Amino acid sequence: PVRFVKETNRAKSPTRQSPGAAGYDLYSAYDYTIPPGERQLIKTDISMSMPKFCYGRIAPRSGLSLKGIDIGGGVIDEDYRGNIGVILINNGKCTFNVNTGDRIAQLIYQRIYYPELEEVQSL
């Protein structure tokens, strides 16, 4: 079970489209306007305690990606307890409108290793 908190009543619970979907839909908590060739940190008003040995990759919705919208950053650490921001980059030709409640990205919980690092002289 992954515990999550809405910071304000503008936050929508992250949802999964289907039982075989890779990620959990993230929603914009506020209204944003993104000019062509600009980028914008979008607040979700969702904070969460991630599961152990993984991280949340904020990944792009495919439809938005064909409109020219990409993702910046997107690394949500296992110990990040703050507001989750989606960095949207408008690489399209037109101003991109974000309304409160718009599906803006997907959060994928990606399993990872935390290995020890040891310096040697030859591999």
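Residue positions are given as counts along the sequence shown, with the first one as 1.
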query	finding
Entry-level comparison of average CA B-factors, 105 to 113 and 9 to 17, reporting the higher stretch	9 to 17
CA B-factor ranking of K52, expressed as a third of its chain	highest
Within-chain third of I42 by Cα B-factor, per the entry	middle
CA B-factor placement of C94, once the chain's modelled residues are sorted into thirds	highest
